[PDB]
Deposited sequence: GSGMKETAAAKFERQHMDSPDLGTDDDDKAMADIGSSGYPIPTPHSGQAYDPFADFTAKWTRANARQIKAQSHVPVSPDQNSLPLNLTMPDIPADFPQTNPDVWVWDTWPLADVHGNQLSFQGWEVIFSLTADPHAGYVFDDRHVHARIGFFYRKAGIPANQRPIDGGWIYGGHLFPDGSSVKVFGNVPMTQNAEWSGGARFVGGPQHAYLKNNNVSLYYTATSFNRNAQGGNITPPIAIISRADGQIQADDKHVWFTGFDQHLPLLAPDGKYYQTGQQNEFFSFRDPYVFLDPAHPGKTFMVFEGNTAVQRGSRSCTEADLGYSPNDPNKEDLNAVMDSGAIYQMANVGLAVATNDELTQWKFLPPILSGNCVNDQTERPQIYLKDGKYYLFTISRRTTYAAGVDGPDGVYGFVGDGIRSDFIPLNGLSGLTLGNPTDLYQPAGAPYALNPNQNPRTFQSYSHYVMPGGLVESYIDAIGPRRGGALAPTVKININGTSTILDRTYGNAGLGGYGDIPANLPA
């Protein structure tokens, strides 16, 4: 019934070289191949080892005054999570739950906030909610939007990136600034503008609180080129965001960045090739290329981009060819991260069931690939499928939506999103929808065992796999 997965070597290339690993239809079709029809009253089709445990429906809010979603720690370029003066510090996308707009209209209102808590306390000794103290907006009002200059706009938002502890500034925040020009119906009057940007500030603390100064000067670093990375002009619905800045010890003088993009094509272009399908000419379960494009799969054109700093100050950056594409497979490979383990390079990226191309299916959650370098013939994890950890999902019934759950679907198919892989394979995420309840709160922290080309969610960790709500611990003092 199911096709032979596209094989991959994991072989490393020069980071500057023109080679892009393909997350192929033959690979992605492995996810449903590995699935089982759920046995009532169970509603999960995924392998148990690739399934996030059920989050309790009585979960606490991270903060009752703030919607919280995509979250990152205070870090260095190695990926270490740092306490500062005996505090743990996190940064979150933030919105107001009592301001007129509904949770799914969060995005255009997003402000980067910070939270803090005393370090060196085991999760099970903290308050159930993780004990995060909300410090407020990280950036001064009006500082971020200066990055767009004098352009027509109705909204601007601060989206995800990273905080690097490093001019008696000591924190560089890499994030995505986005500008919208929308009619009241949410229609684009002009295409959204998405600029990966940097703001530097100073973290300070005493015994009572953490606070920040600076972040007045926002530097535009990268906008899509329309050669490697799709622009608003090519596709008003383009994705360009989620900078992950890191050091590769294979390239000691360099600073790199992975990010979410789309394959740089005009929307509706019949641009998919045999290499995106990834079949043996002899596979009896192979697809026809034109048939795949006719099914509308040409609207799913995810890539993970790579950029390299061109000055010592990391204020100037250059695009390199994309390191992964999911053309005719999925439109979204979000929050890409490079995770170094056992001398290997893991690319983790988050994706959605509802952004899969026709004829391909998989859950919301974390996808993973392993290689010998940051530019590899990346090996999709777990039976050459790419699935690392999915929300419990029946792939034999419709997806529905977090704002309108299909009754025949697992009510936790949207339970978590924006999974971030921390040192020692701990995974931090936010709650979207659990049955009728919307989250905007941090999920229980979870643990994946990363073993070569496969992964197991650790059901010995915390309570049957679930650790503390919003448990984002520092491994090193700053």
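Stretches of the deposited sequence absent from the structure, as judged by C-alpha coordinates, are 1 to 37, 204 to 211.
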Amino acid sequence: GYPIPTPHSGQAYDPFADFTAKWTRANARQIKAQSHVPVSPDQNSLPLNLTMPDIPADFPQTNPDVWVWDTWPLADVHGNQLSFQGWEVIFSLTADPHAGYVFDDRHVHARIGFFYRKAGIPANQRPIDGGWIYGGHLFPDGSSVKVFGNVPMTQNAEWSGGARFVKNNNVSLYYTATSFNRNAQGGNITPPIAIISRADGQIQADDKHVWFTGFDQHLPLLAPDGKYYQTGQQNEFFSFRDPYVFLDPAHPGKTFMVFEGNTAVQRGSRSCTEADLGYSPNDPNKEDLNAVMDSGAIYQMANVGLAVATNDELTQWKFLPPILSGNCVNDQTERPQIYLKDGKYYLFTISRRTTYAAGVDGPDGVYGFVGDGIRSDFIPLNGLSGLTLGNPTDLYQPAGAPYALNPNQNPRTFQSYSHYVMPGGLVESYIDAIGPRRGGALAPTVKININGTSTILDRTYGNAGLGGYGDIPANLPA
From here on, numbers count along this sequence of modelled residues.
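Between 278 to 286 and 298 to 306, the higher mean Cα B-factor belongs to 278 to 286. Taking the mean C-alpha B-factor of each stretch as recorded, 409 to 417 and 38 to 46 are not equal, and the higher mean is that of 38 to 46.
The top Cα temperature factor in the record, among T393, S376, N169, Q230, falls on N169.
Among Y345, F256, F103, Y367, the highest C-alpha B-factor in the deposited entry belongs to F103.
In the deposited entry, the Cα temperature factor of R182 sits in the top third of values across the chain's modelled residues. Ranked within its chain, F19 lands in the lowest third, by CA B factor from the PDB record.
Per the deposited record, the Cα B-factor of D225 falls in the middle third when ranked against the other modelled residues of its chain. When all modelled residues of the chain are sorted by CA temperature factor, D65 is found within the highest third.
For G130, the recorded CA B-factor ranks within the middle third of the chain. Only modelled residues enter the ranking.
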